[PDB]
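Shown here: run30.txt, compact mmCIF, C-alpha atoms.
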# COMPACT_ATOMS: atom_id res chain seq x y z
CA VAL A 349 -22.09 10.73 -28.73
CA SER A 350 -20.97 12.94 -25.76
CA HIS A 351 -19.79 12.07 -22.21
CA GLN A 352 -19.35 14.26 -19.09
CA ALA A 353 -16.14 14.15 -17.01
CA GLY A 354 -16.19 11.07 -14.72
CA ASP A 355 -18.81 9.21 -16.87
CA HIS A 356 -18.37 5.46 -17.50
CA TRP A 357 -19.55 3.68 -20.67
CA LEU A 358 -19.12 0.25 -22.22
CA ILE A 359 -17.89 -0.51 -25.76
CA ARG A 360 -18.59 -4.00 -27.15
CA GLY A 361 -18.43 -6.19 -30.22
CA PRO A 362 -16.23 -6.76 -33.26
CA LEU A 363 -14.11 -3.56 -33.20
CA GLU A 364 -10.67 -1.90 -33.06
CA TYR A 365 -10.16 0.59 -30.20
CA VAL A 366 -7.43 3.16 -29.49
CA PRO A 367 -8.10 5.09 -26.26
CA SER A 368 -8.37 8.85 -26.91
CA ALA A 369 -6.02 10.97 -24.71
CA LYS A 370 -9.16 12.06 -22.72
CA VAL A 371 -10.15 8.39 -21.95
CA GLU A 372 -8.93 5.87 -19.37
CA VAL A 373 -9.50 2.13 -19.96
CA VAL A 374 -10.98 0.99 -16.60
CA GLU A 375 -11.18 -2.78 -17.19
CA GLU A 376 -11.39 -5.56 -19.77
CA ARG A 377 -14.94 -7.06 -19.66
CA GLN A 378 -16.25 -10.36 -21.04
CA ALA A 379 -19.71 -11.80 -21.70
CA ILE A 380 -21.02 -14.70 -19.52
CA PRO A 381 -22.59 -17.63 -21.54
CA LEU A 382 -25.92 -18.94 -20.10
CA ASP A 383 -28.36 -21.63 -21.44
CA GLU A 384 -32.21 -21.01 -21.23
CA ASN A 385 -32.33 -22.36 -17.61
CA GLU A 386 -29.15 -20.64 -16.27
CA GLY A 387 -28.71 -17.13 -14.91
CA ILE A 388 -26.80 -14.66 -12.75
CA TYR A 389 -27.83 -12.00 -10.22
CA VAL A 390 -26.79 -8.46 -11.23
CA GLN A 391 -26.98 -5.25 -9.20
CA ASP A 392 -27.58 -1.95 -11.05
CA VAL A 393 -25.34 0.24 -8.78
CA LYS A 394 -26.91 3.52 -10.04
CA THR A 395 -30.31 2.53 -8.50
CA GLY A 396 -29.19 -0.38 -6.24
CA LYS A 397 -31.83 -2.76 -7.79
CA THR B 200 33.08 42.06 -29.46
CA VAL B 201 34.07 38.71 -31.06
CA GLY B 202 37.81 38.01 -31.65
CA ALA B 203 40.92 38.78 -29.59
CA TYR B 204 40.43 41.80 -27.28
CA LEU B 205 43.58 43.76 -26.36
CA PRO B 206 42.97 45.78 -23.14
CA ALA B 207 43.85 49.49 -22.88
CA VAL B 208 46.62 50.22 -20.32
CA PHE B 209 44.28 51.07 -17.41
CA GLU B 210 41.73 48.27 -18.15
CA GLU B 211 42.42 45.34 -15.76
CA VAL B 212 41.19 42.05 -17.32
CA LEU B 213 39.30 39.88 -14.79
CA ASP B 214 37.56 36.91 -16.50
CA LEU B 215 35.42 35.67 -19.41
CA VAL B 216 31.66 35.35 -18.75
CA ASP B 217 29.80 32.89 -21.02
CA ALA B 218 26.11 33.34 -21.91
CA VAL B 219 23.29 31.45 -20.14
CA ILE B 220 21.46 29.77 -23.06
CA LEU B 221 17.68 29.85 -22.45
CA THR B 222 15.21 27.14 -23.58
CA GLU B 223 11.38 27.18 -23.45
CA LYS B 224 11.62 24.83 -20.40
CA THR B 225 13.84 27.36 -18.46
CA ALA B 226 14.20 31.00 -17.33
CA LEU B 227 17.02 32.97 -15.66
CA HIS B 228 16.38 34.58 -12.24
CA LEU B 229 18.28 37.86 -11.71
CA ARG B 230 18.75 40.54 -9.02
CA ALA B 231 19.94 44.14 -9.51
CA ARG B 232 23.20 45.04 -7.60
CA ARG B 233 22.56 48.80 -8.36
CA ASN B 234 20.16 50.96 -10.44
CA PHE B 235 20.44 50.61 -14.32
CA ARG B 236 18.41 50.19 -17.58
CA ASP B 237 18.66 46.54 -18.63
CA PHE B 238 19.28 44.51 -21.85
CA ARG B 239 15.76 45.60 -23.14
CA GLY B 240 15.93 49.14 -21.62
CA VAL B 241 13.71 48.36 -18.55
CA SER B 242 14.71 50.49 -15.52
CA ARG B 243 15.88 48.26 -12.61
CA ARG B 244 16.07 49.44 -8.98
CA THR B 245 18.59 48.09 -6.43
CA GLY B 246 17.54 44.68 -5.00
CA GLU B 247 14.75 44.28 -7.64
CA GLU B 248 14.28 40.70 -9.00
CA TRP B 249 12.91 39.37 -12.33
CA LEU B 250 13.05 36.53 -14.89
CA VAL B 251 14.68 36.49 -18.35
CA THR B 252 12.90 34.01 -20.71
CA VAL B 253 13.24 32.81 -24.38
CA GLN B 254 10.65 35.43 -25.47
CA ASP B 255 13.25 38.12 -24.46
CA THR B 256 16.46 36.46 -25.86
CA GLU B 257 17.68 32.91 -26.68
CA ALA B 258 20.92 33.58 -24.73
CA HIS B 259 21.84 36.16 -22.06
CA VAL B 260 25.27 37.30 -20.80
CA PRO B 261 24.53 38.41 -17.20
CA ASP B 262 25.50 42.09 -16.83
CA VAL B 263 28.02 43.37 -14.20
CA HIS B 264 24.97 44.92 -12.45
CA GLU B 265 23.04 41.58 -12.37
CA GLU B 266 23.44 38.85 -9.75
CA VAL B 267 22.46 35.44 -11.18
CA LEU B 268 20.28 33.74 -8.53
CA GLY B 269 19.79 30.60 -10.68
CA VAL B 270 17.81 28.95 -13.48
CA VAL B 271 14.05 28.43 -12.95
CA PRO B 272 12.46 25.34 -14.59
CA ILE B 273 8.97 25.76 -16.10
CA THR B 274 5.93 24.65 -14.03
CA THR B 275 3.82 22.53 -16.43
CA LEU B 276 0.24 21.58 -15.61
CA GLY B 277 -1.41 18.67 -17.48
CA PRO B 278 -5.12 18.91 -18.48
CA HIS B 279 -5.96 17.04 -15.24
CA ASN B 280 -3.64 19.14 -12.97
CA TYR B 281 -3.96 22.28 -10.84
CA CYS B 282 -1.67 24.13 -8.42
CA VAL B 283 -2.01 26.88 -5.77
CA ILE B 284 0.47 29.79 -5.97
CA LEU B 285 1.40 31.50 -2.66
CA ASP B 286 2.20 35.27 -2.71
CA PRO B 287 1.18 35.54 -6.44
CA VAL B 288 2.31 38.56 -8.54
CA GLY B 289 -0.43 41.19 -9.05
CA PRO B 290 -1.32 43.68 -11.85
CA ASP B 291 1.10 46.33 -10.43
CA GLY B 292 3.98 43.77 -10.75
CA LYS B 293 4.32 43.13 -6.96
CA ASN B 294 3.86 39.97 -4.84
CA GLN B 295 0.38 39.86 -3.21
CA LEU B 296 1.73 38.80 0.20
CA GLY B 297 -0.35 36.21 2.15
CA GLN B 298 -2.84 35.71 -0.73
CA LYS B 299 -3.28 32.61 -2.97
CA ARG B 300 -4.11 32.10 -6.68
CA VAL B 301 -5.43 28.76 -8.01
CA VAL B 302 -4.23 27.81 -11.53
CA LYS B 303 -5.82 24.97 -13.60
CA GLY B 304 -5.46 23.07 -16.84
CA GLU B 305 -3.23 22.89 -19.94
CA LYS B 306 -0.96 25.73 -18.71
CA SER B 307 2.81 26.20 -18.41
CA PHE B 308 4.41 29.18 -16.66
CA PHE B 309 7.41 30.25 -14.54
CA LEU B 310 7.07 31.11 -10.85
CA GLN B 311 8.00 34.81 -10.60
CA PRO B 312 10.47 35.87 -7.82
CA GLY B 313 8.78 35.36 -4.42
CA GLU B 314 5.98 33.06 -5.74
CA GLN B 315 5.93 29.38 -4.61
CA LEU B 316 3.52 26.39 -4.83
CA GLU B 317 1.44 25.41 -1.75
CA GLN B 318 1.51 21.58 -2.22
CA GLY B 319 3.43 21.26 -5.51
CA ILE B 320 1.37 20.19 -8.55
CA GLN B 321 -2.00 18.54 -7.77
CA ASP B 322 -4.71 16.39 -9.40
CA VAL B 323 -8.16 17.76 -10.37
CA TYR B 324 -10.93 15.80 -8.60
CA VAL B 325 -12.79 13.79 -11.26
CA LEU B 326 -15.95 12.47 -9.56
CA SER B 327 -18.26 9.67 -10.82
CA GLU B 328 -22.06 9.37 -10.16
CA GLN B 329 -21.29 7.38 -6.95
CA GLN B 330 -18.91 10.09 -5.57
CA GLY B 331 -19.13 13.51 -3.97
CA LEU B 332 -17.06 15.96 -1.91
CA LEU B 333 -18.08 17.63 1.32
CA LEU B 334 -16.82 21.23 1.02
CA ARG B 335 -16.43 23.97 3.69
CA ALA B 336 -16.40 27.72 2.99
CA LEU B 337 -13.47 29.46 4.75
CA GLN B 338 -14.82 32.90 3.61
CA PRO B 339 -18.12 34.02 1.94
CA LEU B 340 -18.67 32.67 -1.60
CA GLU B 341 -20.83 34.86 -3.89
CA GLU B 342 -21.63 33.46 -7.41
CA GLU B 344 -18.27 31.49 -7.28
CA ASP B 345 -19.62 28.10 -8.50
CA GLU B 346 -22.95 27.90 -10.45
CA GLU B 347 -24.97 31.02 -9.38
CA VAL B 349 -25.20 29.97 -5.66
CA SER B 350 -23.82 31.68 -2.48
CA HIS B 351 -22.39 30.26 0.79
CA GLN B 352 -21.60 31.91 4.17
CA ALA B 353 -18.30 31.32 5.99
CA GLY B 354 -18.48 28.04 7.96
CA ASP B 355 -21.23 26.58 5.69
CA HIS B 356 -20.85 23.00 4.46
CA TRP B 357 -22.29 21.72 1.17
CA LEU B 358 -22.05 18.57 -0.94
CA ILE B 359 -21.08 18.42 -4.62
CA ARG B 360 -21.87 15.12 -6.40
CA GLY B 361 -21.73 13.32 -9.66
CA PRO B 362 -19.99 13.40 -13.07
CA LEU B 363 -17.79 16.53 -12.81
CA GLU B 364 -14.28 17.97 -12.57
CA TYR B 365 -13.61 19.97 -9.37
CA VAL B 366 -10.73 22.29 -8.41
CA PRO B 367 -11.23 23.86 -4.95
CA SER B 368 -11.45 27.67 -4.97
CA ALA B 369 -8.91 29.32 -2.59
CA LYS B 370 -11.89 30.11 -0.26
CA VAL B 371 -12.88 26.37 0.00
CA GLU B 372 -11.60 23.47 2.13
CA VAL B 373 -12.32 19.85 1.08
CA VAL B 374 -13.69 18.31 4.33
CA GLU B 375 -14.01 14.70 3.09
CA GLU B 376 -14.40 12.44 0.08
CA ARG B 377 -17.97 11.02 0.23
CA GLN B 378 -19.47 7.99 -1.54
CA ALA B 379 -22.96 6.63 -2.24
CA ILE B 380 -24.21 3.44 -0.48
CA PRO B 381 -25.98 0.92 -2.83
CA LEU B 382 -29.22 -0.58 -1.40
CA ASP B 383 -31.75 -2.99 -3.07
CA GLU B 384 -35.54 -2.28 -2.65
CA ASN B 385 -35.72 -4.07 0.79
CA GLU B 386 -32.34 -2.85 2.17
CA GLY B 387 -31.80 0.40 4.11
CA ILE B 388 -29.69 2.54 6.47
CA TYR B 389 -30.51 4.79 9.43
CA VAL B 390 -29.40 8.41 8.96
CA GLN B 391 -29.43 11.27 11.48
CA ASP B 392 -29.91 14.77 10.06
CA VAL B 393 -27.62 16.56 12.56
CA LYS B 394 -29.15 20.03 11.92
CA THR B 395 -32.66 19.01 13.10
CA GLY B 396 -31.43 15.95 15.07
CA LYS B 397 -34.05 13.62 13.48
CA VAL B 398 -33.25 9.96 12.71
CA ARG B 399 -35.00 8.14 9.81
CA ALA B 400 -34.69 4.93 7.81
CA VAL B 401 -33.57 5.38 4.18
CA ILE B 402 -34.81 2.28 2.33
CA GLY B 403 -34.74 0.84 -1.14
CA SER B 404 -32.38 2.89 -3.43
CA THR B 405 -28.66 3.81 -3.72
CA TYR B 406 -28.19 6.79 -1.35
CA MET B 407 -25.69 9.67 -0.90
CA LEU B 408 -25.60 11.23 2.61
CA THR B 409 -26.35 14.98 2.19
CA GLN B 410 -24.12 17.54 3.99
CA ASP B 411 -26.13 17.55 7.26
CA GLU B 412 -26.26 13.74 7.71
CA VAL B 413 -24.40 10.93 9.51
CA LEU B 414 -25.04 7.16 9.67
CA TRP B 415 -26.86 6.27 12.94
CA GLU B 416 -26.24 3.06 14.95
CA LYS B 417 -29.39 1.22 16.17
CA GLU B 418 -28.88 -0.53 19.52
CA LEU B 419 -30.97 -3.68 20.20
CA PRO B 420 -31.80 -5.27 23.61
CA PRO B 421 -29.13 -7.88 24.51
CA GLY B 422 -31.28 -10.93 23.60
CA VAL B 423 -32.70 -9.60 20.27
CA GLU B 424 -29.41 -9.42 18.32
CA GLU B 425 -28.88 -13.19 18.87
CA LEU B 426 -32.47 -14.10 17.87
CA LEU B 427 -31.98 -12.31 14.52
CA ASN B 428 -28.83 -14.48 13.89
CA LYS B 429 -30.54 -17.74 15.09
CA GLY B 430 -33.52 -17.00 12.78
CA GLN B 431 -31.22 -15.93 9.84
CA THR C 200 37.00 20.77 -51.28
CA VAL C 201 38.09 17.19 -52.20
CA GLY C 202 41.84 16.43 -52.54
CA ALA C 203 44.88 17.56 -50.53
CA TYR C 204 44.23 20.85 -48.67
CA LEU C 205 47.22 23.10 -47.93
CA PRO C 206 46.42 25.48 -45.01
CA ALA C 207 47.27 29.20 -45.22
CA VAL C 208 49.93 30.45 -42.71
CA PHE C 209 47.35 31.64 -40.13
CA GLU C 210 44.87 28.71 -40.54
CA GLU C 211 45.51 26.24 -37.68
CA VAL C 212 44.46 22.71 -38.74
CA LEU C 213 42.47 20.81 -36.06
CA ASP C 214 40.92 17.55 -37.41
CA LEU C 215 38.91 15.83 -40.18
CA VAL C 216 35.11 15.65 -39.67
CA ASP C 217 33.37 12.78 -41.53
CA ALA C 218 29.76 13.07 -42.76
CA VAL C 219 26.91 11.29 -40.90
CA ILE C 220 25.29 9.05 -43.57
CA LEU C 221 21.48 9.18 -43.18
CA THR C 222 19.03 6.34 -44.02
CA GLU C 223 15.21 6.31 -44.16
CA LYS C 224 15.34 4.51 -40.73
CA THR C 225 17.48 7.29 -39.05
CA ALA C 226 17.73 11.06 -38.43
CA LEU C 227 20.43 13.32 -36.92
CA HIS C 228 19.57 15.41 -33.81
CA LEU C 229 21.35 18.79 -33.73
CA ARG C 230 21.57 21.87 -31.45
CA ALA C 231 22.75 25.36 -32.47
CA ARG C 232 25.90 26.57 -30.54
CA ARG C 233 25.21 30.18 -31.80
CA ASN C 234 22.92 31.93 -34.34
CA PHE C 235 23.44 31.05 -38.10
CA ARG C 236 21.58 30.06 -41.34
CA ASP C 237 21.91 26.30 -41.81
CA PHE C 238 22.75 23.85 -44.65
CA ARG C 239 19.25 24.55 -46.26
CA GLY C 240 19.28 28.30 -45.38
CA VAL C 241 16.93 28.00 -42.33
CA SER C 242 17.73 30.56 -39.60
CA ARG C 243 18.80 28.84 -36.33
CA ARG C 244 18.73 30.59 -32.92
CA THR C 245 21.17 29.72 -30.10
CA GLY C 246 20.10 26.55 -28.20
CA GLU C 247 17.45 25.66 -30.85
CA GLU C 248 17.12 21.90 -31.68
CA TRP C 249 15.99 20.05 -34.84
CA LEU C 250 16.33 16.81 -36.87
CA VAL C 251 18.12 16.28 -40.23
CA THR C 252 16.52 13.43 -42.31
CA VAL C 253 17.05 11.75 -45.77
CA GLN C 254 14.43 14.13 -47.26
CA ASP C 255 16.94 16.99 -46.50
CA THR C 256 20.23 15.25 -47.57
CA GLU C 257 21.59 11.66 -47.80
CA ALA C 258 24.77 12.66 -45.86
CA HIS C 259 25.44 15.62 -43.51
CA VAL C 260 28.76 17.08 -42.28
CA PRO C 261 27.90 18.68 -38.88
CA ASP C 262 28.79 22.39 -39.07
CA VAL C 263 31.09 24.08 -36.48
CA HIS C 264 27.91 25.81 -35.18
CA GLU C 265 26.02 22.46 -34.76
CA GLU C 266 26.33 20.24 -31.67
CA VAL C 267 25.60 16.57 -32.53
CA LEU C 268 23.27 15.19 -29.84
CA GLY C 269 22.90 11.74 -31.47
CA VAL C 270 21.10 9.64 -34.09
CA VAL C 271 17.31 9.17 -33.75
CA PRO C 272 15.92 5.80 -34.98
CA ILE C 273 12.52 5.89 -36.73
CA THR C 274 9.43 4.99 -34.62
CA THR C 275 7.41 2.52 -36.76
CA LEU C 276 3.80 1.60 -36.02
CA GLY C 277 2.32 -1.59 -37.53
CA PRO C 278 -1.36 -1.66 -38.69
CA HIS C 279 -2.25 -3.02 -35.20
CA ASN C 280 -0.03 -0.58 -33.18
CA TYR C 281 -0.58 2.86 -31.65
CA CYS C 282 1.51 5.19 -29.44
CA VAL C 283 1.00 8.28 -27.23
CA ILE C 284 3.46 11.18 -27.72
CA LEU C 285 4.15 13.47 -24.72
CA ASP C 286 4.92 17.21 -25.28
CA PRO C 287 4.10 16.89 -29.06
CA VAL C 288 5.20 19.59 -31.58
CA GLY C 289 2.46 22.12 -32.48
CA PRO C 290 1.61 24.06 -35.70
CA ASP C 291 4.01 26.89 -34.60
CA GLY C 292 6.94 24.38 -34.34
CA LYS C 293 7.00 24.47 -30.48
CA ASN C 294 6.47 21.58 -28.00
CA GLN C 295 2.95 21.51 -26.47
CA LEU C 296 4.22 20.97 -22.89
CA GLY C 297 2.04 18.73 -20.67
CA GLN C 298 -0.25 17.70 -23.59
Go ahead and express the file in the form of structure tokens.
Amino acid sequence: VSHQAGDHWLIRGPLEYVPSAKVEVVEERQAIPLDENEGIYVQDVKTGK
Amino acid sequence: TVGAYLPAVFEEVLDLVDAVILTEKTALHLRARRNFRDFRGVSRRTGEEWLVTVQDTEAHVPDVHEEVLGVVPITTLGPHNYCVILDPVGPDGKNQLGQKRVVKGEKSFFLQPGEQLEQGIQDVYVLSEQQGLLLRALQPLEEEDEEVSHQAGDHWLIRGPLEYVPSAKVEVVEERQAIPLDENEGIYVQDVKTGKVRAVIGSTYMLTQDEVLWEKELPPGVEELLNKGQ
Amino acid sequence: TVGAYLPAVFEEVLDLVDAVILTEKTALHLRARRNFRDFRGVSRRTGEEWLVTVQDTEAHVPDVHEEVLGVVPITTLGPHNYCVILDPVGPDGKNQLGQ
């Protein structure tokens, strides 16, 4: 896979990661657990939706 | 010559001069006190200045014709760095007085005599999708960027996932950022070139080069009735 | 030469230099005071720098041409460790400045 300068992407799951010299770790991210009745509101910042 | 030197009767001994040992992080800056051909046979004129570097010799004993002006540390640029060189040396080996050269990237070099950096060593702009720069042309740009031309005093916007290093002919006017808006939300924008005001509604928006945010005034009772009905 | 050394009339004795004993956890950092060919025959330029390690010799007597800068401890990475090296040495044996 290829990425342009300034692009953000997410890596997830059971894995080992060593940041390449060309990559900055922006933040640690964690999944939110939700039962069939529970939810969250999320904003897609690229489209604002 | 190594060993004990015994001077001839008319040779006055003055002092011992030790070598300046060069390293790939340093260079020696010299000036000619008179005309001569140097350590590598290059003809030097009076008051001429140059650098000696490891590619010439690993140690130099400064000649009786050479004034040592000092040791010059290497300017190192990281992959994400740039710098602007004032009075840069040209192809005829002379300082290009009043001009600038912009240097980018994984590069290390010594500033030649009379060169200096405009603002030291600087960071490349890395812009995300939500970011842009407003740029001003100080002089005409012809094919400088991506097969587009700009007149002096033009403004334009660059946006999105890119690296940017401003050409010597370009001023960064401002850092500019997109405004996120859901399908019912909006902003008023005035296109200053035509003067027209419009509502931008329902998507994340980046103000193009001509535009400003426009403030809508309401009659003095209405602004309260929007809060009371909120 | 091992044993008692008797100096010739013109040889001024200065001092005894003991060997730096190397271990697989250490290396000796040296600089050349002048040009020479070293303990393994490698040509050294003035102000050049290098490391001596157990793979070269188990003990090293620093030559009169070699300035001892110090002992370098080994950098060990566990299976779960990583590190970033600044100005790393390239294929031509020179530091890649800024990389």
For chain A, work out the contacting residues on chain C at 9 Å, counting all atoms listed in the file, and write them as a PyMOL selection string. chain C and resi 279+281+283+298
Would you give me, as a tab-separated table (two decimals) with C-alpha atoms, keeping the file's coordinate frame, the residues of chain C that come within 12 Å of chain B, using all atoms listed in the file?
chain	number	residue	atom	x	y	z
C	230	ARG	CA	21.57	21.87	-31.45
C	231	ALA	CA	22.75	25.36	-32.47
C	232	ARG	CA	25.90	26.57	-30.54
C	233	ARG	CA	25.21	30.18	-31.80
C	234	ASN	CA	22.92	31.93	-34.34
C	243	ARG	CA	18.80	28.84	-36.33
C	244	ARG	CA	18.73	30.59	-32.92
C	245	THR	CA	21.17	29.72	-30.10
C	246	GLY	CA	20.10	26.55	-28.20
C	247	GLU	CA	17.45	25.66	-30.85
C	248	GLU	CA	17.12	21.90	-31.68
C	285	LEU	CA	4.15	13.47	-24.72
C	286	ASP	CA	4.92	17.21	-25.28
C	293	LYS	CA	7.00	24.47	-30.48
C	294	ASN	CA	6.47	21.58	-28.00
C	295	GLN	CA	2.95	21.51	-26.47
C	296	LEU	CA	4.22	20.97	-22.89
C	297	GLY	CA	2.04	18.73	-20.67
C	298	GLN	CA	-0.25	17.70	-23.59
Would you mind listing what lies within 12 Å of stretch 387-391 of chain A as JSON, numbers by chain, with only C-alpha atoms counted and same-chain residues fewer than 6 positions away left out? {"A": [379, 380, 381, 397], "B": [381, 382, 383, 384, 404, 405]}
Around (3.8, 19.7, -7.2), as given in the file, which residues come within 9 Å? Count all atoms listed in the file and list them as a VMD selection string. chain B and resid 274 281 to 282 316 to 321
Go ahead and save the residues from that selection, with C-alpha atoms, as an mmCIF file, in the coordinates of the input.
data_model
loop_
_atom_site.group_PDB
_atom_site.id
_atom_site.type_symbol
_atom_site.label_atom_id
_atom_site.label_comp_id
_atom_site.auth_asym_id
_atom_site.auth_seq_id
_atom_site.Cartn_x
_atom_site.Cartn_y
_atom_site.Cartn_z
ATOM 1 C CA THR B 274 5.930 24.650 -14.030
ATOM 2 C CA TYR B 281 -3.960 22.280 -10.840
ATOM 3 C CA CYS B 282 -1.670 24.130 -8.420
ATOM 4 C CA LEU B 316 3.520 26.390 -4.830
ATOM 5 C CA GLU B 317 1.440 25.410 -1.750
ATOM 6 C CA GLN B 318 1.510 21.580 -2.220
ATOM 7 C CA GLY B 319 3.430 21.260 -5.510
ATOM 8 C CA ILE B 320 1.370 20.190 -8.550
ATOM 9 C CA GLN B 321 -2.000 18.540 -7.770
#
Could you write out as lines of an AutoDock Vina configuration file the box around stretch 340-357 of chain B (axis-aligned, all atoms listed in the file, 3 Å on each side), with centre and edge lengths in Å to one decimal?
center_x = -21.7
center_y = 28.3
center_z = -1.2
size_x = 12.9
size_y = 19.1
size_z = 24.4
Quick one: residues within 12 Å of stretch 351-357 of chain A, all atoms listed in the file counted, chain neighbours fewer than 2 positions away excluded, as a PyMOL selection string? (chain A and resi 349+359-360+370-375+377+394) or (chain B and resi 279+323-331+360-365)
For C-alpha atoms, I'd like the residues from the last selection saved as a PDB file, keeping the file's coordinate frame.
ATOM      1  CA  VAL A 349     -22.090  10.730 -28.730  1.00  0.00           C
ATOM      2  CA  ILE A 359     -17.890  -0.510 -25.760  1.00  0.00           C
ATOM      3  CA  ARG A 360     -18.590  -4.000 -27.150  1.00  0.00           C
ATOM      4  CA  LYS A 370      -9.160  12.060 -22.720  1.00  0.00           C
ATOM      5  CA  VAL A 371     -10.150   8.390 -21.950  1.00  0.00           C
ATOM      6  CA  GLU A 372      -8.930   5.870 -19.370  1.00  0.00           C
ATOM      7  CA  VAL A 373      -9.500   2.130 -19.960  1.00  0.00           C
ATOM      8  CA  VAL A 374     -10.980   0.990 -16.600  1.00  0.00           C
ATOM      9  CA  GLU A 375     -11.180  -2.780 -17.190  1.00  0.00           C
ATOM     10  CA  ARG A 377     -14.940  -7.060 -19.660  1.00  0.00           C
ATOM     11  CA  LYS A 394     -26.910   3.520 -10.040  1.00  0.00           C
TER      12      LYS A 394
ATOM     13  CA  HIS B 279      -5.960  17.040 -15.240  1.00  0.00           C
ATOM     14  CA  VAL B 323      -8.160  17.760 -10.370  1.00  0.00           C
ATOM     15  CA  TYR B 324     -10.930  15.800  -8.600  1.00  0.00           C
ATOM     16  CA  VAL B 325     -12.790  13.790 -11.260  1.00  0.00           C
ATOM     17  CA  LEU B 326     -15.950  12.470  -9.560  1.00  0.00           C
ATOM     18  CA  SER B 327     -18.260   9.670 -10.820  1.00  0.00           C
ATOM     19  CA  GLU B 328     -22.060   9.370 -10.160  1.00  0.00           C
ATOM     20  CA  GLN B 329     -21.290   7.380  -6.950  1.00  0.00           C
ATOM     21  CA  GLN B 330     -18.910  10.090  -5.570  1.00  0.00           C
ATOM     22  CA  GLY B 331     -19.130  13.510  -3.970  1.00  0.00           C
ATOM     23  CA  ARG B 360     -21.870  15.120  -6.400  1.00  0.00           C
ATOM     24  CA  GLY B 361     -21.730  13.320  -9.660  1.00  0.00           C
ATOM     25  CA  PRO B 362     -19.990  13.400 -13.070  1.00  0.00           C
ATOM     26  CA  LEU B 363     -17.790  16.530 -12.810  1.00  0.00           C
ATOM     27  CA  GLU B 364     -14.280  17.970 -12.570  1.00  0.00           C
ATOM     28  CA  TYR B 365     -13.610  19.970  -9.370  1.00  0.00           C
TER      29      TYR B 365
END
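The space separating atom CA of residue B:290 from atom CA of residue B:241 comes to 17.1 Å.
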Tell me, as a short mmCIF file (atom, residue, chain, number, x, y, z; two decimals) with C-alpha atoms, keeping the file's coordinate frame, which residues lie within 8 Å of residue B:298, counting all atoms listed in the file; anything in the same chain fewer than 6 positions away does not count.
data_model
loop_
_atom_site.label_atom_id
_atom_site.label_comp_id
_atom_site.auth_asym_id
_atom_site.auth_seq_id
_atom_site.Cartn_x
_atom_site.Cartn_y
_atom_site.Cartn_z
CA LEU B 285 1.40 31.50 -2.66
CA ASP B 286 2.20 35.27 -2.71
CA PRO B 287 1.18 35.54 -6.44
#
Kindly give the distance, in Å, that separates atom CA of residue C:251 and atom CA of residue C:227, rounded to a single decimal. 5.0 Å
Taking only C-alpha atoms into account, name the residue in B:240, B:339, B:387, B:313 that is nearest to chain A. B:387
Counting all atoms listed in the file, which residues sit no farther than 8 Å from the position (12.0, 35.9, -5.4) in the file's frame? I'd like them as a PyMOL selection string. chain B and resi 248-249+311-314
Write out as number ranges by chain which residues come within 10 Å of residue C:256 when counting all atoms listed in the file, dropping same-chain ones fewer than 6 positions away. C: 220-222, 238-239
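Separating atom CA of residue A:393 from atom CA of residue B:372 is a distance of 29.1 Å.
Of the listed residues B:379, B:218, B:203, B:402, the one whose atoms come nearest to residue B:262 is B:218, with distances taken using all atoms listed in the file.
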Can stretch 358-364 of chain B be brought up to N, CA, C and O atoms and written out as a PDB file, keeping the file's coordinate frame?
ATOM      1  N   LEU B 358     -22.462  19.741  -0.194  1.00  0.00           N
ATOM      2  CA  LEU B 358     -22.050  18.570  -0.940  1.00  0.00           C
ATOM      3  C   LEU B 358     -22.077  18.895  -2.435  1.00  0.00           C
ATOM      4  O   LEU B 358     -23.094  19.368  -2.939  1.00  0.00           O
ATOM      5  N   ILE B 359     -21.014  18.577  -3.163  1.00  0.00           N
ATOM      6  CA  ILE B 359     -21.080  18.420  -4.620  1.00  0.00           C
ATOM      7  C   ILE B 359     -20.995  16.942  -4.973  1.00  0.00           C
ATOM      8  O   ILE B 359     -20.288  16.181  -4.323  1.00  0.00           O
ATOM      9  N   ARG B 360     -21.742  16.519  -5.984  1.00  0.00           N
ATOM     10  CA  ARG B 360     -21.870  15.120  -6.400  1.00  0.00           C
ATOM     11  C   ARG B 360     -21.750  14.997  -7.903  1.00  0.00           C
ATOM     12  O   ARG B 360     -22.147  15.897  -8.642  1.00  0.00           O
ATOM     13  N   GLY B 361     -21.345  13.821  -8.351  1.00  0.00           N
ATOM     14  CA  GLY B 361     -21.730  13.320  -9.660  1.00  0.00           C
ATOM     15  C   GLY B 361     -20.653  13.529 -10.702  1.00  0.00           C
ATOM     16  O   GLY B 361     -19.534  13.851 -10.333  1.00  0.00           O
ATOM     17  N   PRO B 362     -20.966  13.334 -11.992  1.00  0.00           N
ATOM     18  CA  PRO B 362     -19.990  13.400 -13.070  1.00  0.00           C
ATOM     19  C   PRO B 362     -19.514  14.834 -13.270  1.00  0.00           C
ATOM     20  O   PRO B 362     -20.163  15.613 -13.967  1.00  0.00           O
ATOM     21  N   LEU B 363     -18.406  15.215 -12.633  1.00  0.00           N
ATOM     22  CA  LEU B 363     -17.790  16.530 -12.810  1.00  0.00           C
ATOM     23  C   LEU B 363     -16.284  16.534 -12.535  1.00  0.00           C
ATOM     24  O   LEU B 363     -15.742  15.645 -11.891  1.00  0.00           O
ATOM     25  N   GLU B 364     -15.603  17.561 -13.033  1.00  0.00           N
ATOM     26  CA  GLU B 364     -14.280  17.970 -12.570  1.00  0.00           C
ATOM     27  C   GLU B 364     -14.432  19.022 -11.467  1.00  0.00           C
ATOM     28  O   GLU B 364     -15.207  19.964 -11.624  1.00  0.00           O
TER      29      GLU B 364
END
